[PDB]
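Raw contents of target-v9.cif, mmCIF, C-alpha atoms:
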data_query
loop_
_atom_site.group_PDB
_atom_site.id
_atom_site.type_symbol
_atom_site.label_atom_id
_atom_site.label_comp_id
_atom_site.auth_asym_id
_atom_site.auth_seq_id
_atom_site.Cartn_x
_atom_site.Cartn_y
_atom_site.Cartn_z
ATOM 1 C CA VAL A 121 14.425 -20.944 -17.122
ATOM 2 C CA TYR A 122 13.626 -21.676 -13.436
ATOM 3 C CA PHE A 123 13.181 -19.436 -10.387
ATOM 4 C CA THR A 124 12.630 -19.882 -6.638
ATOM 5 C CA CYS A 125 9.750 -17.922 -5.096
ATOM 6 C CA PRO A 126 11.160 -16.168 -1.948
ATOM 7 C CA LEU A 127 7.701 -16.286 -0.213
ATOM 8 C CA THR A 128 7.021 -20.053 -0.656
ATOM 9 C CA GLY A 129 10.230 -21.830 -1.807
ATOM 10 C CA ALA A 130 8.362 -23.174 -4.890
ATOM 11 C CA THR A 131 10.198 -23.927 -8.182
ATOM 12 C CA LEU A 132 8.663 -21.850 -11.021
ATOM 13 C CA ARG A 133 9.215 -21.090 -14.716
ATOM 14 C CA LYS A 134 9.729 -17.519 -16.086
ATOM 15 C CA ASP A 135 5.984 -17.309 -16.972
ATOM 16 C CA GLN A 136 4.707 -18.744 -13.637
ATOM 17 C CA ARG A 137 6.500 -16.118 -11.406
ATOM 18 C CA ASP A 138 3.669 -13.569 -11.027
ATOM 19 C CA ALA A 139 0.965 -16.234 -10.413
ATOM 20 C CA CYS A 140 2.759 -17.833 -7.415
ATOM 21 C CA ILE A 141 4.143 -14.587 -5.835
ATOM 22 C CA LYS A 142 0.754 -12.796 -6.124
ATOM 23 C CA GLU A 143 -0.953 -15.766 -4.415
ATOM 24 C CA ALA A 144 1.671 -15.812 -1.602
ATOM 25 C CA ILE A 145 1.216 -12.029 -1.016
ATOM 26 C CA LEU A 146 -2.617 -12.342 -0.865
ATOM 27 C CA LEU A 147 -2.262 -15.270 1.609
ATOM 28 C CA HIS A 148 0.304 -13.323 3.723
ATOM 29 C CA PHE A 149 -2.550 -11.012 4.883
ATOM 30 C CA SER A 150 -3.381 -13.663 7.558
ATOM 31 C CA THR A 151 0.033 -13.122 9.275
ATOM 32 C CA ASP A 152 0.840 -9.432 8.676
ATOM 33 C CA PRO A 153 -1.783 -7.362 6.733
ATOM 34 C CA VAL A 154 0.614 -4.344 6.551
ATOM 35 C CA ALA A 155 3.530 -6.338 5.080
ATOM 36 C CA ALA A 156 1.121 -8.105 2.644
ATOM 37 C CA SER A 157 -0.383 -4.813 1.326
ATOM 38 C CA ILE A 158 3.133 -3.291 0.982
ATOM 39 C CA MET A 159 4.232 -6.264 -1.188
ATOM 40 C CA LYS A 160 0.959 -5.991 -3.208
ATOM 41 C CA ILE A 161 1.453 -2.230 -3.947
ATOM 42 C CA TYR A 162 4.962 -2.757 -5.427
ATOM 43 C CA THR A 163 4.554 -6.327 -6.850
ATOM 44 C CA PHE A 164 1.119 -6.296 -8.558
ATOM 45 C CA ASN A 165 1.526 -2.885 -10.259
ATOM 46 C CA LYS A 166 3.848 -2.964 -13.345
ATOM 47 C CA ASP A 167 4.135 0.860 -13.568
ATOM 48 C CA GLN A 168 6.778 1.555 -10.888
ATOM 49 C CA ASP A 169 6.796 5.358 -11.467
ATOM 50 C CA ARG A 170 3.102 5.455 -10.387
ATOM 51 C CA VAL A 171 3.876 3.130 -7.434
ATOM 52 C CA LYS A 172 6.600 5.546 -6.199
ATOM 53 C CA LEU A 173 4.230 8.562 -6.553
ATOM 54 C CA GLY A 174 1.372 6.621 -4.861
ATOM 55 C CA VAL A 175 3.413 5.644 -1.738
ATOM 56 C CA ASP A 176 4.938 9.192 -1.546
ATOM 57 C CA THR A 177 1.416 10.738 -1.553
ATOM 58 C CA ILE A 178 0.350 8.194 1.155
ATOM 59 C CA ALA A 179 3.463 9.183 3.189
ATOM 60 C CA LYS A 180 2.365 12.888 2.968
ATOM 61 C CA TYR A 181 -1.153 12.105 4.283
ATOM 62 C CA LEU A 182 0.404 10.176 7.211
ATOM 63 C CA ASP A 183 2.895 13.017 8.017
ATOM 64 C CA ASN A 184 0.076 15.614 7.875
ATOM 65 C CA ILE A 185 -1.777 13.978 10.832
ATOM 66 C CA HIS A 186 1.614 13.375 12.537
ATOM 67 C CA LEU A 187 2.287 17.189 12.536
ATOM 68 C CA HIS A 188 -1.214 18.063 13.880
ATOM 69 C CA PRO A 189 -2.637 14.891 15.525
ATOM 70 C CA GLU A 190 -5.140 17.056 17.558
ATOM 71 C CA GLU A 191 -6.772 18.576 14.423
ATOM 72 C CA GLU A 192 -9.650 16.542 12.866
ATOM 73 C CA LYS A 193 -9.020 18.098 9.388
ATOM 74 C CA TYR A 194 -5.981 15.764 8.932
ATOM 75 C CA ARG A 195 -7.700 12.570 10.224
ATOM 76 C CA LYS A 196 -9.698 11.952 6.969
ATOM 77 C CA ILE A 197 -8.072 11.200 3.568
ATOM 78 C CA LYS A 198 -10.440 12.010 0.646
ATOM 79 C CA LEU A 199 -10.526 9.127 -1.922
ATOM 80 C CA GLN A 200 -11.989 11.485 -4.602
ATOM 81 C CA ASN A 201 -9.150 14.060 -4.320
ATOM 82 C CA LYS A 202 -7.519 14.844 -7.741
ATOM 83 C CA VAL A 203 -4.076 13.749 -6.424
ATOM 84 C CA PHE A 204 -5.357 10.597 -4.647
ATOM 85 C CA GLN A 205 -7.289 9.520 -7.793
ATOM 86 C CA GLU A 206 -4.233 9.853 -10.095
ATOM 87 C CA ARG A 207 -1.463 8.449 -7.809
ATOM 88 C CA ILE A 208 -3.085 6.144 -5.201
ATOM 89 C CA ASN A 209 -6.494 5.011 -6.585
ATOM 90 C CA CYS A 210 -4.863 3.787 -9.856
ATOM 91 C CA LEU A 211 -2.756 1.145 -7.953
ATOM 92 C CA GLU A 212 -3.739 -2.271 -6.566
ATOM 93 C CA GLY A 213 -3.053 -2.836 -2.795
ATOM 94 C CA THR A 214 -3.147 0.853 -1.616
ATOM 95 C CA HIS A 215 -6.667 0.477 -0.107
ATOM 96 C CA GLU A 216 -5.589 -2.701 1.739
ATOM 97 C CA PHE A 217 -2.566 -0.812 3.164
ATOM 98 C CA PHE A 218 -4.753 2.024 4.600
ATOM 99 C CA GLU A 219 -7.068 -0.511 6.324
ATOM 100 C CA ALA A 220 -4.044 -2.555 7.568
ATOM 101 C CA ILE A 221 -2.496 0.524 9.320
ATOM 102 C CA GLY A 222 -5.742 1.606 11.105
ATOM 103 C CA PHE A 223 -7.840 3.628 8.594
ATOM 104 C CA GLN A 224 -11.568 2.924 8.256
ATOM 105 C CA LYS A 225 -13.359 3.527 4.949
ATOM 106 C CA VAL A 226 -16.443 5.706 5.651
ATOM 107 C CA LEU A 227 -18.824 8.103 3.870
ATOM 108 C CA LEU A 228 -18.822 11.679 5.251
ATOM 109 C CA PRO A 229 -20.787 14.788 4.142
ATOM 110 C CA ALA A 230 -18.704 17.098 1.917
ATOM 111 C CA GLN A 231 -17.998 20.731 2.942
ATOM 112 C CA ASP A 232 -19.522 21.931 -0.424
ATOM 113 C CA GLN A 233 -21.646 18.948 -1.825
ATOM 114 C CA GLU A 234 -24.845 17.052 -0.712
ATOM 115 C CA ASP A 235 -23.553 13.607 -1.820
ATOM 116 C CA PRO A 236 -21.430 11.849 0.883
ATOM 117 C CA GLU A 237 -17.771 11.325 -0.153
ATOM 118 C CA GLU A 238 -15.369 8.457 0.610
ATOM 119 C CA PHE A 239 -12.682 9.025 3.293
ATOM 120 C CA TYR A 240 -10.052 6.948 5.064
ATOM 121 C CA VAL A 241 -10.423 8.013 8.728
ATOM 122 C CA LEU A 242 -7.744 7.130 11.295
ATOM 123 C CA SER A 243 -9.084 5.482 14.494
ATOM 124 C CA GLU A 244 -8.336 6.867 18.000
ATOM 125 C CA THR A 245 -6.382 3.670 18.940
ATOM 126 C CA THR A 246 -3.686 4.357 16.289
ATOM 127 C CA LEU A 247 -3.860 8.189 16.446
ATOM 128 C CA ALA A 248 -2.929 7.992 20.177
ATOM 129 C CA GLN A 249 0.484 6.405 19.191
ATOM 130 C CA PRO A 250 1.862 8.056 15.968
ATOM 131 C CA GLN A 251 4.972 5.771 16.214
ATOM 132 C CA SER A 252 2.917 2.924 14.619
ATOM 133 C CA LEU A 253 2.075 4.897 11.416
ATOM 134 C CA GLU A 254 5.627 6.339 11.273
ATOM 135 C CA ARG A 255 7.035 2.759 11.167
ATOM 136 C CA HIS A 256 4.383 1.669 8.595
ATOM 137 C CA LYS A 257 5.261 4.713 6.381
ATOM 138 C CA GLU A 258 8.980 3.738 6.352
ATOM 139 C CA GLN A 259 8.102 0.046 5.700
ATOM 140 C CA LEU A 260 6.080 1.069 2.579
ATOM 141 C CA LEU A 261 8.590 3.661 1.209
ATOM 142 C CA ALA A 262 11.609 1.310 1.643
ATOM 143 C CA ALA A 263 9.830 -1.568 -0.174
ATOM 144 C CA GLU A 264 10.535 -3.053 -3.619
ATOM 145 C CA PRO A 265 8.559 -5.361 -5.978
ATOM 146 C CA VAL A 266 8.729 -9.099 -5.126
ATOM 147 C CA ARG A 267 10.378 -11.169 -7.904
ATOM 148 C CA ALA A 268 11.378 -14.836 -7.975
ATOM 149 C CA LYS A 269 15.149 -15.459 -7.616
ATOM 150 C CA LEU A 270 16.769 -17.007 -10.727
ATOM 151 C CA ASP A 271 17.803 -20.612 -9.961
ATOM 152 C CA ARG A 272 21.316 -21.283 -11.349
ATOM 153 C CA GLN A 273 20.535 -25.029 -11.362
ATOM 154 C CA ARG A 274 24.222 -26.011 -11.261
ATOM 155 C CA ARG A 275 24.757 -29.245 -13.247
ATOM 156 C CA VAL A 276 27.793 -31.245 -14.338
#

Can the structure in the file be given as structure tokens, please?
Amino acid sequence: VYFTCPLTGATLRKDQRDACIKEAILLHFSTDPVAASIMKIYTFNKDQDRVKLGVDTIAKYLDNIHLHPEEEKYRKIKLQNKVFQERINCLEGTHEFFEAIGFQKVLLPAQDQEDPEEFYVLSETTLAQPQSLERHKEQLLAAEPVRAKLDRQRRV
């Protein structure tokens, strides 16, 4: 059984599909890091119910800063939050997406703990124009896993 990889045009067997598509998605980061991380989130992760919850939780963090872009309390996404850990941290490609759409991974003091915690903090360059994150949110939510197209291989 043969397939055509939509990202490369390569001819693959049923068992070779994930190996070629995953490679093409990881290489795509050199052209469009946001599109590459979106494909990685849906394509690499087999558990699609967790993928849908992960990208919905990411969409909520992005809309929170969109509602109050002048308030610093919505600029930092806590990587150790109970919800983030279950829905987002369990998936491959979600960290690459945050960095691709203008979030820096930093260590900040906690409001109730001595040990610094991990945050994704939105830069001023992207915060100044919420339209960029709003488009990236829709591009992630409207995405589907990448799968090789079945080649009919018409023969007489």

Calculate how many Å separate atom CA of residue A:133 from atom CA of residue A:266, rounding to one decimal.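 Atom-to-atom, atom CA of residue A:133 to atom CA of residue A:266, that is 15.4 Å.
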
So that I can see what lies close to residue A:197, please list as number ranges by chain the residues with an atom at most 9 Å from it, counting all atoms listed in the file and leaving out residues fewer than 2 positions away in the same chain. A: 181, 194-195, 199, 201, 204, 238-242

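Going from atom CA of residue A:183 to atom CA of residue A:235 covers 28.2 Å.
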
List as a PDB file with C-alpha atoms, in the frame of the given file the protein and nucleic acid residues near residue A:177, meaning an atom at most 10 Å away when all atoms listed in the file are counted, but skip any in the same chain fewer than 4 places from it.
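Writing the result to out03.pdb gives the following:
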ATOM      1  CA  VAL A 171       3.876   3.130  -7.434  1.00  0.00           C
ATOM      2  CA  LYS A 172       6.600   5.546  -6.199  1.00  0.00           C
ATOM      3  CA  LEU A 173       4.230   8.562  -6.553  1.00  0.00           C
ATOM      4  CA  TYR A 181      -1.153  12.105   4.283  1.00  0.00           C
ATOM      5  CA  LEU A 182       0.404  10.176   7.211  1.00  0.00           C
ATOM      6  CA  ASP A 183       2.895  13.017   8.017  1.00  0.00           C
ATOM      7  CA  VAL A 203      -4.076  13.749  -6.424  1.00  0.00           C
ATOM      8  CA  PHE A 204      -5.357  10.597  -4.647  1.00  0.00           C
ATOM      9  CA  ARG A 207      -1.463   8.449  -7.809  1.00  0.00           C
ATOM     10  CA  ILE A 208      -3.085   6.144  -5.201  1.00  0.00           C
TER      11      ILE A 208
END

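Matched in the shown structure by the PyMOL selection byres ((chain A and resi 219-231) around 8): residues 153, 154, 157, 215, 216, 217, 218, 232, 233, 234, 235, 236, 237, 238, 239, 240, 241, 242, 243, 246, 252, 253 and 256 of chain A.
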
May I have the selected residues written with C-alpha atoms, as an mmCIF file, in the frame of the given file?
data_model
loop_
_atom_site.group_PDB
_atom_site.id
_atom_site.type_symbol
_atom_site.label_atom_id
_atom_site.label_comp_id
_atom_site.auth_asym_id
_atom_site.auth_seq_id
_atom_site.Cartn_x
_atom_site.Cartn_y
_atom_site.Cartn_z
ATOM 1 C CA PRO A 153 -1.783 -7.362 6.733
ATOM 2 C CA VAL A 154 0.614 -4.344 6.551
ATOM 3 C CA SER A 157 -0.383 -4.813 1.326
ATOM 4 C CA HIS A 215 -6.667 0.477 -0.107
ATOM 5 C CA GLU A 216 -5.589 -2.701 1.739
ATOM 6 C CA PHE A 217 -2.566 -0.812 3.164
ATOM 7 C CA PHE A 218 -4.753 2.024 4.600
ATOM 8 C CA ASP A 232 -19.522 21.931 -0.424
ATOM 9 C CA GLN A 233 -21.646 18.948 -1.825
ATOM 10 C CA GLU A 234 -24.845 17.052 -0.712
ATOM 11 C CA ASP A 235 -23.553 13.607 -1.820
ATOM 12 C CA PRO A 236 -21.430 11.849 0.883
ATOM 13 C CA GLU A 237 -17.771 11.325 -0.153
ATOM 14 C CA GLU A 238 -15.369 8.457 0.610
ATOM 15 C CA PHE A 239 -12.682 9.025 3.293
ATOM 16 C CA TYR A 240 -10.052 6.948 5.064
ATOM 17 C CA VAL A 241 -10.423 8.013 8.728
ATOM 18 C CA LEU A 242 -7.744 7.130 11.295
ATOM 19 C CA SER A 243 -9.084 5.482 14.494
ATOM 20 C CA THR A 246 -3.686 4.357 16.289
ATOM 21 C CA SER A 252 2.917 2.924 14.619
ATOM 22 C CA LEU A 253 2.075 4.897 11.416
ATOM 23 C CA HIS A 256 4.383 1.669 8.595
#

Residues within 12 Å of (6.5, -19.3, -7.1), counting all atoms listed in the file, listed as a ChimeraX atom specification: /A:122-145,266-271

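For the pair atom CA of residue A:206 and atom CA of residue A:168, the interatomic distance is 13.8 Å.
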
Given all atoms listed in the file as the basis, pick out the residue of A:158, A:254, A:244, A:210 nearest to residue A:179.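 Closest residue, counting all atoms listed in the file: A:254.
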
A:176, A:191, A:186, A:212 ranked by distance to residue A:261, top pick (using only C-alpha atoms):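 Checking each of A:176, A:191, A:186, A:212 against residue A:261, counting only C-alpha atoms, the winner is A:176.
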
Return the single residue from A:265, A:189, A:213, A:174 that is closest to residue A:249, with distances computed using only C-alpha atoms. A:189

Hey, which of A:193, A:198, A:257, A:148 ends up closest to residue A:180? Count all atoms listed in the file. A:257

Could you pull stretch 228-274 of chain A out of the structure I just pasted and write it to a file containing N, CA and C atoms, as an mmCIF file, in the first residue's frame?
data_model
loop_
_atom_site.group_PDB
_atom_site.id
_atom_site.type_symbol
_atom_site.label_atom_id
_atom_site.label_comp_id
_atom_site.auth_asym_id
_atom_site.auth_seq_id
_atom_site.Cartn_x
_atom_site.Cartn_y
_atom_site.Cartn_z
ATOM 1 N N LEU A 228 10.794 33.129 36.453
ATOM 2 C CA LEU A 228 10.365 34.270 37.260
ATOM 3 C C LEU A 228 10.128 33.814 38.707
ATOM 4 N N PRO A 229 10.331 34.693 39.704
ATOM 5 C CA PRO A 229 9.970 34.378 41.080
ATOM 6 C C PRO A 229 8.463 34.100 41.156
ATOM 7 N N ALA A 230 8.064 33.169 42.023
ATOM 8 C CA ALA A 230 6.661 32.848 42.235
ATOM 9 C C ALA A 230 6.074 33.838 43.247
ATOM 10 N N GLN A 231 4.757 34.046 43.228
ATOM 11 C CA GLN A 231 4.099 34.921 44.208
ATOM 12 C C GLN A 231 4.032 34.304 45.623
ATOM 13 N N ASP A 232 4.227 32.982 45.755
ATOM 14 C CA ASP A 232 4.177 32.252 47.031
ATOM 15 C C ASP A 232 5.297 31.194 47.236
ATOM 16 N N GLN A 233 6.330 31.121 46.379
ATOM 17 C CA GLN A 233 7.442 30.148 46.500
ATOM 18 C C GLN A 233 8.804 30.805 46.200
ATOM 19 N N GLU A 234 9.876 30.363 46.880
ATOM 20 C CA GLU A 234 11.256 30.852 46.654
ATOM 21 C C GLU A 234 11.840 30.401 45.305
ATOM 22 N N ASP A 235 11.598 29.149 44.910
ATOM 23 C CA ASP A 235 12.099 28.598 43.658
ATOM 24 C C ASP A 235 11.475 29.308 42.438
ATOM 25 N N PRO A 236 12.288 29.842 41.507
ATOM 26 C CA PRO A 236 11.783 30.413 40.265
ATOM 27 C C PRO A 236 10.978 29.380 39.463
ATOM 28 N N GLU A 237 9.883 29.820 38.842
ATOM 29 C CA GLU A 237 9.030 28.970 38.013
ATOM 30 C C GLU A 237 9.140 29.342 36.533
ATOM 31 N N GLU A 238 8.824 28.386 35.662
ATOM 32 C CA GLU A 238 8.890 28.576 34.219
ATOM 33 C C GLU A 238 7.621 29.267 33.691
ATOM 34 N N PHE A 239 7.815 30.305 32.880
ATOM 35 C CA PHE A 239 6.757 31.071 32.228
ATOM 36 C C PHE A 239 7.070 31.272 30.745
ATOM 37 N N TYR A 240 6.027 31.304 29.921
ATOM 38 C CA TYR A 240 6.101 31.864 28.579
ATOM 39 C C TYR A 240 5.624 33.310 28.639
ATOM 40 N N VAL A 241 6.513 34.257 28.357
ATOM 41 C CA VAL A 241 6.249 35.693 28.480
ATOM 42 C C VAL A 241 6.220 36.312 27.090
ATOM 43 N N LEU A 242 5.120 36.980 26.753
ATOM 44 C CA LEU A 242 4.958 37.616 25.449
ATOM 45 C C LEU A 242 5.821 38.887 25.370
ATOM 46 N N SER A 243 6.589 39.029 24.290
ATOM 47 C CA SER A 243 7.411 40.217 24.048
ATOM 48 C C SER A 243 6.570 41.440 23.659
ATOM 49 N N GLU A 244 7.127 42.633 23.869
ATOM 50 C CA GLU A 244 6.456 43.908 23.569
ATOM 51 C C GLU A 244 6.152 44.072 22.069
ATOM 52 N N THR A 245 7.041 43.572 21.201
ATOM 53 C CA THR A 245 6.891 43.613 19.742
ATOM 54 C C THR A 245 5.598 42.956 19.263
ATOM 55 N N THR A 246 5.208 41.825 19.857
ATOM 56 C CA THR A 246 3.988 41.111 19.455
ATOM 57 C C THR A 246 2.776 41.604 20.239
ATOM 58 N N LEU A 247 2.963 41.958 21.513
ATOM 59 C CA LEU A 247 1.901 42.500 22.362
ATOM 60 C C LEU A 247 1.331 43.807 21.788
ATOM 61 N N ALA A 248 2.179 44.644 21.181
ATOM 62 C CA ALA A 248 1.756 45.883 20.528
ATOM 63 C C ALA A 248 0.731 45.675 19.388
ATOM 64 N N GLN A 249 0.708 44.501 18.743
ATOM 65 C CA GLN A 249 -0.171 44.166 17.616
ATOM 66 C C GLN A 249 -0.903 42.827 17.831
ATOM 67 N N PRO A 250 -1.970 42.789 18.657
ATOM 68 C CA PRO A 250 -2.660 41.540 19.004
ATOM 69 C C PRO A 250 -3.143 40.745 17.779
ATOM 70 N N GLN A 251 -3.324 41.409 16.632
ATOM 71 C CA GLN A 251 -3.775 40.788 15.379
ATOM 72 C C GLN A 251 -2.888 39.606 14.950
ATOM 73 N N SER A 252 -1.598 39.627 15.294
ATOM 74 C CA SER A 252 -0.669 38.538 14.966
ATOM 75 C C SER A 252 -1.008 37.263 15.746
ATOM 76 N N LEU A 253 -1.185 37.358 17.070
ATOM 77 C CA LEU A 253 -1.569 36.215 17.909
ATOM 78 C C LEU A 253 -2.978 35.707 17.594
ATOM 79 N N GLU A 254 -3.900 36.612 17.272
ATOM 80 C CA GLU A 254 -5.274 36.252 16.912
ATOM 81 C C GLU A 254 -5.295 35.377 15.654
ATOM 82 N N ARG A 255 -4.500 35.725 14.636
ATOM 83 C CA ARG A 255 -4.313 34.892 13.443
ATOM 84 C C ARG A 255 -3.620 33.561 13.752
ATOM 85 N N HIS A 256 -2.584 33.563 14.595
ATOM 86 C CA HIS A 256 -1.888 32.331 14.991
ATOM 87 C C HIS A 256 -2.799 31.385 15.788
ATOM 88 N N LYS A 257 -3.664 31.925 16.659
ATOM 89 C CA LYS A 257 -4.662 31.144 17.406
ATOM 90 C C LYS A 257 -5.603 30.408 16.451
ATOM 91 N N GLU A 258 -6.167 31.105 15.465
ATOM 92 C CA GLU A 258 -7.068 30.502 14.477
ATOM 93 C C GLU A 258 -6.350 29.461 13.611
ATOM 94 N N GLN A 259 -5.097 29.719 13.226
ATOM 95 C CA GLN A 259 -4.286 28.776 12.450
ATOM 96 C C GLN A 259 -4.037 27.463 13.206
ATOM 97 N N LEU A 260 -3.840 27.517 14.526
ATOM 98 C CA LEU A 260 -3.675 26.323 15.362
ATOM 99 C C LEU A 260 -4.996 25.554 15.548
ATOM 100 N N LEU A 261 -6.069 26.252 15.928
ATOM 101 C CA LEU A 261 -7.379 25.655 16.214
ATOM 102 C C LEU A 261 -8.025 25.005 14.983
ATOM 103 N N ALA A 262 -7.823 25.581 13.796
ATOM 104 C CA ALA A 262 -8.358 25.065 12.536
ATOM 105 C C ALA A 262 -7.504 23.950 11.911
ATOM 106 N N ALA A 263 -6.388 23.579 12.542
ATOM 107 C CA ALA A 263 -5.484 22.574 12.004
ATOM 108 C C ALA A 263 -5.951 21.133 12.246
ATOM 109 N N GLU A 264 -5.419 20.230 11.423
ATOM 110 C CA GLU A 264 -5.625 18.790 11.526
ATOM 111 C C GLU A 264 -4.295 18.034 11.373
ATOM 112 N N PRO A 265 -4.205 16.783 11.856
ATOM 113 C CA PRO A 265 -2.998 15.985 11.701
ATOM 114 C C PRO A 265 -2.639 15.813 10.221
ATOM 115 N N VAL A 266 -1.343 15.814 9.916
ATOM 116 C CA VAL A 266 -0.832 15.579 8.559
ATOM 117 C C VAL A 266 -0.684 14.076 8.320
ATOM 118 N N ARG A 267 -1.334 13.575 7.269
ATOM 119 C CA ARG A 267 -1.297 12.160 6.881
ATOM 120 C C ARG A 267 -1.077 12.035 5.383
ATOM 121 N N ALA A 268 -0.300 11.030 4.983
ATOM 122 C CA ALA A 268 0.043 10.837 3.580
ATOM 123 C C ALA A 268 -1.214 10.422 2.803
ATOM 124 N N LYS A 269 -1.374 10.937 1.583
ATOM 125 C CA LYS A 269 -2.560 10.670 0.763
ATOM 126 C C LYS A 269 -2.401 9.303 0.111
ATOM 127 N N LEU A 270 -3.417 8.444 0.180
ATOM 128 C CA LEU A 270 -3.352 7.106 -0.407
ATOM 129 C C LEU A 270 -3.221 7.204 -1.936
ATOM 130 N N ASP A 271 -2.191 6.584 -2.506
ATOM 131 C CA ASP A 271 -1.966 6.591 -3.939
ATOM 132 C C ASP A 271 -2.763 5.425 -4.532
ATOM 133 N N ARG A 272 -3.734 5.756 -5.389
ATOM 134 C CA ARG A 272 -4.562 4.779 -6.105
ATOM 135 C C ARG A 272 -3.742 3.855 -6.984
ATOM 136 N N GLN A 273 -2.647 4.369 -7.553
ATOM 137 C CA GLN A 273 -1.743 3.631 -8.425
ATOM 138 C C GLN A 273 -2.505 2.891 -9.525
ATOM 139 N N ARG A 274 -3.292 3.650 -10.293
ATOM 140 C CA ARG A 274 -4.102 3.112 -11.380
ATOM 141 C C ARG A 274 -3.216 2.302 -12.319
#
